[PDB]
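If you want the building blocks of each chain, they are given just below.
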Amino acid sequence: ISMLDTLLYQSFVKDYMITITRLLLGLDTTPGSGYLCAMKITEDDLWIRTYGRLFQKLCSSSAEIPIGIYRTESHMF
Amino acid sequence: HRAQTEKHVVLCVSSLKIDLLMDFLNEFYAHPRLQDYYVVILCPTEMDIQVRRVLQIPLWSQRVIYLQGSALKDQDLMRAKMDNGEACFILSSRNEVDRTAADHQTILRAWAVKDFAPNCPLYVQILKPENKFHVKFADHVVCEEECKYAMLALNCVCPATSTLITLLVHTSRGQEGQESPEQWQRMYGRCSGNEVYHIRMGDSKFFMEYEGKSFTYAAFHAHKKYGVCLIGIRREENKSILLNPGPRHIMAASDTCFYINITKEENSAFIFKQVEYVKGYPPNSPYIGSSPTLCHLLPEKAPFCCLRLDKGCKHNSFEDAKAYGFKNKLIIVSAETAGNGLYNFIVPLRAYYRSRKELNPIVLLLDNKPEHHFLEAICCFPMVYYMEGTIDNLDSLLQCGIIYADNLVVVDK
Amino acid sequence: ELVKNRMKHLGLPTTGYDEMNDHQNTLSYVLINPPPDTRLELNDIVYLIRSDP
Amino acid sequence: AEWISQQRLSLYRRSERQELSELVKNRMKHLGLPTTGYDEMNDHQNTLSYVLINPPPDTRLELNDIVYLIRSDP
Amino acid sequence: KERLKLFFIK
Amino acid sequence: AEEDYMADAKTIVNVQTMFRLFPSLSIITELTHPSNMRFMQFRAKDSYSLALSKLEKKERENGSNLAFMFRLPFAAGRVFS
Amino acid sequence: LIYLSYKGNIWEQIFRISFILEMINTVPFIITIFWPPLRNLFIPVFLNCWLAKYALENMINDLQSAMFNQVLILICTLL
């Protein structure tokens, strides 16, 4: 919950921040806004190599901008 | 003489600990523009020995001040001088056993600051969403239950939304993973600095002539060129902030745009130079400020008997999760009581915009019974059940179906 | 074998511990707004942002 | 349902006064009571008020003032 | 103001 | 409760709930401490209530016993200590 | 050090403990350069002890934390 406290402290200079963090989850139902979601990069999706080229598909498909990614490397304990 | 000329910031609290203090001290002074501002505590109870070790460090002895008193009585407000204060924070301490008791006191302090100083901006923190509307007059509210349970729900859909937001809200220059040997460690350190910033369309190095073009047409051209992701827009007509407007939003000449980068334009210009469901609103909103998202719902609201797995009802008599035959893997939620956070869990997971065949069923492993308040609120939603058990008891878990389950949320106290 | 004995007590199919729950212990981490040149590995999950109809 | 999408404009663009009225109105349908009593019977007044004790004889008397009388026993 | 300030105090 | 004036918060929150719900409803109460008259039927966005706090300070400075006097919930007869 | 922390008020800097002691010492030394007969005049540069004393306090508390280090200053203050 340390992050929820840090949100409040940083929001002093960044007033907008509270509304962003609330909208990211999907609590404030502002008509024009959207929501956060996932898309798994399967064996078929390696068509595209890099993160920059990935925009050409996702932006031109259906208004889908990406924020970041979630990798899975091999390291078995 | 200090209060007239020099700056002034306040912090009210139930009982100040090291974790509330240290994290505030690090994050507040991390802001480069806001370094010289003075800090003042307004704690009712006596000092710990650990908190004295932090205050007595040379630099924090100068700026950080401790007033031992409560926000209700006016002498503690008169010594601090709230009327000419820059900001005022009020933290609900994760300290008292009863959560509503700690919250009612925090709301009572919020009025005391509002009644004393009218123009002083409140940065209130609140536990329960039930008593959120009592401090909706304040500028910035942080319902910690809503935010906790909503992230835990959204973690089920997209893996690590918790950490995704943690790095956005945390202040950081991004100097991490430099001495670290591995590839992922150094690249993960670059992402620490990434925080959301704001700029207007006029003074825009990035979006100088992408006005007539579409929304994503600007971001792709910008990101390949410089390396900035466009997020949100609010024109001067209304302050309603957006997140990924569609292509129909045309980029105006004076809109306060929002974007993610390590730092803003003004701080560093290094890179600058070189089956029979229903879609509808949830009727039983359990609290006042519950913005109702469009959601999947049952056509007829199923009774209290059909919600509980443990006993076979007089509609479809089944006991364990295997007898129902749930397609798609399961999600579980352990909890102390059936609070309104578990309603805030269900909302983002059971939305209309989520695909109906991707709806992973929900189980609420409550320790106590569910109240008639919450049972009526949760009543409407599809494929959500409960069983009275704990995480320690193995047999109670296996009935719910650990054998096939993607995620398992845990919330204890 | 502890869990497998609990499944016989409850009256459930014992296959689900080993077969359904295949045991994976792979490393994982997150990235936020990387460079355009950065690569894309197999089985990565990308945080998209949709829009309202 | 082509037109029910507009319900969000009514929900978003709304006051807490409406939220609280519609909360209570849903509780009245649960209990099985006439829903008219929130707005019609309870008309919402927020006028200022205060007390005075033994004022001067010259002091005036406004409309809808309540005077603290003292009666006697038969 | 700019150059010496980052080396003196900060 | 450890502190004095925070002990009767439950009642103030529950009444302030009922005040927002039913503006029409005149609601009377006995709160324990006399400091918490201000919080009884609290007005957030109204300058006239917030102006009286500054007037209430000058009462206490002059050496007046009846300080709580000027709060609207008191004088209306909907609360007393 | 004035141009770094020039926070509106100049009287926050000039009339202080660390600054006045310096101006009592260093201003005469600049007068001894311009005036040729004032080399033989008495200048209280022995007061630099109280400046070196104050120079230690800011230096030492840059980094028990200040048990032995504080007591060493309390000896310096007396000596």
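As deposited, the entry is annotated with cryo-EM as its determination method and 3.76 Å as its resolution.

A.B. asks: How would you summarise the overall build of chain G if you had to cite specific residues and measurements?
C.D. replies: In terms of regular secondary structure, chain G is built from three helices and zero strands. When the helices and strands of chain G are read in sequence order from the N terminus, they spell out α-α-α. Against the globule reference of 12 Å for 79 residues, chain G gives a C-alpha radius of gyration of 16 Å, more extended than a compact globule. Structurally, chain G occupies a C-alpha span of about 55 × 35 × 15 Å along its principal axes.

A.B. asks: Outline the overall build of chain F, supporting the account with residue identities and numerical values.
C.D. replies: Along the backbone of chain F there are three helices and two strands. Relative to the compact-globule value of 12 Å for 81 residues, chain F shows a C-alpha radius of gyration of 13 Å, a close match. By its C-alpha atoms, chain F is 40 × 35 × 20 Å across when sized along the principal axes. For chain F, restricting intrachain contacts to residue pairs at least 6 apart in sequence, the fraction spanning at least 24 positions comes to 54%.

A.B. asks: Now, about the nonpolar core: what can you tell me, with residues and values included?
C.D. replies: If you look at the biggest cluster of nonpolar residues, it comprises 96 residues, and the most contacted ones within it are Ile20(A), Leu24(A) and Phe89(B). Other than its neighbours up to four places away in sequence, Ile20(A) contacts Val196(B), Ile241(B), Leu243(B) and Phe258(B).

A.B. asks: Residues and numbers for the sheet that holds strand 9 (residues 256-261) of chain B, please.
C.D. replies: Residues and elements named next belong to chain B. Taken in spatial order, the three strands of this open sheet run 7-9-8, and their pairing is antiparallel. Both edges of this open sheet fall to strand 7 (195-200) and strand 8 (229-232), since each of them pairs with a single strand only. The sheet shows a mean angle of 40° between the axes of neighbouring strands, direction not considered. Looking at chain direction, strand 7 and strand 9 are connected through six bridges and run antiparallel. Residue pairing across strands places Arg200 opposite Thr256, the latter belonging to strand 9.

A.B. asks: Could you give an account of the packing of helix 1 (residues 17-34) of chain G against helix 2 (residues 48-60) of chain G, naming the residues involved and the relevant values?
C.D. replies: All names here are of chain G. At a minimum axis separation of 9 Å, helix 1 and helix 2 run at an interaxial angle of 145°. The hand of the helix 1/helix 2 crossing is left-handed. Seen from helix 1, the contacting residues are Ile17, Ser18, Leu21, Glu22 and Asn25; seen from helix 2, they are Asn48, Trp50, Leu51 and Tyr54. Partitioned by chemical class, the residues of the contact of helix 1 with helix 2 number five nonpolar, three polar and one charged.

A.B. asks: Describe unusual backbone geometry, with residues and values.
C.D. replies: Residues and elements named next belong to chain B. Positive phi, close to 65°, is recorded for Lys81, a residue that is not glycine. Exposure remark for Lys81: the relative accessible area of 40% places this residue in the partly exposed category. Unusually for a residue other than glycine, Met383 sits at a positive phi of about 60°. Looking at the secondary structure, you find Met383 in the loop between helix 15 (372-378) and strand 14 (384-386). Judged by its relative accessible area of 17%, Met383 falls in the buried class.

A.B. asks: For the interface of chain B and chain A, give the residues involved together with the corresponding values.
C.D. replies: Tallying the contact residues gives 67 residues for chain B and 48 residues for chain A. In total, chain B and chain A occlude about 5,400 Å² of area from one another, counting both sides; carbon and sulfur atoms represent 72% of this. By the criterion of area lost to chain A, the three top residues of chain B are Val169(B), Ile241(B) and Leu243(B), representing 12% of everything that side buries. The salt bridge partner of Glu146(B) is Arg22(A), with a shortest N-O separation of 2.8 Å.

A.B. asks: Run through the arrangement of the chains, naming residues and quoting values.
C.D. replies: Ranking by contact count across ten pairs of chains in contact places chains A and B at the top. The two units chain A and chain E are non-contacting; their minimal C-alpha-C-alpha distance is 22 Å.

A.B. asks: Run through the sheet that holds strand 14 of chain B, naming residues and quoting values.
C.D. replies: Strand-to-strand pairing in sheets goes through backbone hydrogen bonds, with the strands running parallel or antiparallel. All names here are of chain B. Strand order across the open sheet formed by four strands is 14-13-12-15, with parallel pairing between neighbours. Each edge of the open sheet carries a strand with a single partner, namely strand 14 and strand 15 (405-410). The mean angle between the axes of side-by-side strands here comes to 20°, regardless of whether they run parallel or antiparallel.

A.B. asks: Tell me about the pattern of salt bridges, residues and numbers included.
C.D. replies: Throughout the structure, instances matching the rule amount to 24 salt bridges over all chains. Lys136(B) is paired through a salt bridge with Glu16(D); the nearest N and O atoms lie 4.0 Å apart. On the criterion of chain membership, the pair formed by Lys136(B) in the loop between strand 5 (122-126) and strand 6 (140-143) and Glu16(D) in helix 2 (residues 16-31) is interchain, its members lying in two chains. The exposure class assigned to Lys136(B) is partly exposed, which follows from its relative accessible area of 37%. Given a relative accessible area of 18%, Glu16(D) falls into the buried group.

A.B. asks: Outline the packing of aromatic side chains, supporting the account with residue identities and numerical values.
C.D. replies: The final tally for this structure, using the stated rule, is 31 aromatic pairs over all chains. Aromatic pair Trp111(B) and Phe42(F): ring centres 5.6 Å apart, planes at 55°, arrangement tilted. One end of the pair, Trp111(B), is in helix 6 (residues 99-116); the other, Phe42(F), is in the loop between strand 1 (29-30) and helix 2 (47-62), on a second chain.

A.B. asks: So what about a nonpolar patch on the surface? Which residues, and what values?
C.D. replies: Together, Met23(G), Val27(G), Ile30(G), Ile31(G), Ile33(G), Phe34(G) and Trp35(G) make up a nonpolar patch on the protein surface, roughly 740 Å² of accessible area in all. By secondary structure assignment, the location of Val27(G) is in helix 1.

A.B. asks: Account for the side chain of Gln105(B), with residues named and values stated.
C.D. replies: With respect to the helices and strands, the residue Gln105(B) is situated in helix 6. Beyond its immediate chain neighbours, meaning those up to four positions away, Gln105(B) contacts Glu96(B), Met6(F) and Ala9(F).

A.B. asks: Let's hear about the environment of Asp36(B): which residues, and what values?
C.D. replies: All names here are of chain B. Structurally, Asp36 can be placed in the loop between helix 2 (18-29) and strand 2 (39-43). Of the residues examined, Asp36 reaches a relative accessible area of 45% and is grouped as partly exposed. The spacing of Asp36 and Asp255 is 219 residues in sequence and 31 Å in space, taken between C-alpha atoms.

A.B. asks: Can you explain the packing of helix 1 (residues 2-10) of chain A against helix 8 (residues 161-169) of chain B? Please cite residues and give values.
C.D. replies: Look at helix 1 of chain A against helix 8 of chain B: their axes get within 9 Å of each other, and the N-to-C directions meet at 30°. If you check the angle between helix 1 of chain A and helix 8 of chain B, you find them roughly parallel. For helix 1 of chain A against helix 8 of chain B, the interelement crossing comes out left-handed. Only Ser162(B), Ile165(B), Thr166(B), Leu168(B) and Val169(B) of helix 8 of chain B make contact with helix 1 of chain A, whose side of the interface consists of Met3(A), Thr6(A), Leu7(A) and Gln10(A). A breakdown of the residues in the contact of helix 1 of chain A with helix 8 of chain B according to their chemical character gives five nonpolar, four polar and no charged.

A.B. asks: Would you mind going over the environment of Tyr226(B) in detail, with residue names and values included?
C.D. replies: Residue and element names in this part refer to chain B. On the secondary structure map, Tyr226 appears in the loop between helix 10 (215-225) and strand 8. On the basis of relative accessible area, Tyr226 is assigned to the partly exposed category, the value being 37%. When the C-alpha positions of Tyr226 and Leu21 are compared, they lie 38 Å apart, and in sequence the two are 205 residues distant. If near-sequence neighbours (up to four positions away) are discounted, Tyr226 is found in contact with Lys205, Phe206 and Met208.

A.B. asks: Give a description of a positive patch on the surface that names residues and reports values.
C.D. replies: A surface patch of like charges, here positive, comprises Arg49(A), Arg53(A), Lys224(B) and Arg39(C). Relative to the helices and strands, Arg39(C) is located in the loop between strand 1 (29-32) and strand 2 (44-49).

The rules we used
Residues numbered from 1 in each chain as written, not as in the entry; some residues may be left out. Chains lettered and ligands numbered in written order. Part of a larger assembly, values for the part shown. Heavy atoms only, no water. Residues with missing side-chain atoms left out of burial classes, pairs and counts. Helix = DSSP H or I, 4+ residues; strand = E, 2+ residues; numbered from the N terminus. Rg over C-alpha atoms; globule rule 2.2 N^0.38 Å. Contact = heavy atoms within 4.5 Å. Core = buried A, V, L, I, M, F, W, Y, C linked by side-chain atoms within 4.5 Å. Buried < 20%, exposed > 50% of the residue type's maximum accessible area, 1.4 Å probe, protein only. Pairing = 2+ DSSP bridges. Axes fitted to C-alpha atoms, helices over the stretch in contact; angles between N-to-C directions. Left-handed = near helix turned anticlockwise from the far one by under 90°. Nonpolar A, V, L, I, M, F, W, Y, C, P; charged D, E, K, R; others polar. Buried area = accessible area lost by both parts, 1.4 Å probe. Salt bridge = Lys/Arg side-chain N within 4 Å of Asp/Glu carboxyl O. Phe/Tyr/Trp six-rings, centres within 6.5 Å; stacked < 30°, edge-to-face > 60°. Patch = residues over 30% accessible without salt bridge, like charges linked within 9 Å, V, L, I, M, F, W, Y side chains within 5 Å. Areas by Shrake-Rupley, 256 points an atom, 1.4 Å probe, with all protein chains shown as cover. Parallel < 35°, antiparallel > 145°, perpendicular 65-115°, else oblique. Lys, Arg positive; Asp, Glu negative; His and termini not counted. Charge placed at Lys NZ, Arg CZ, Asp CG, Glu CD.

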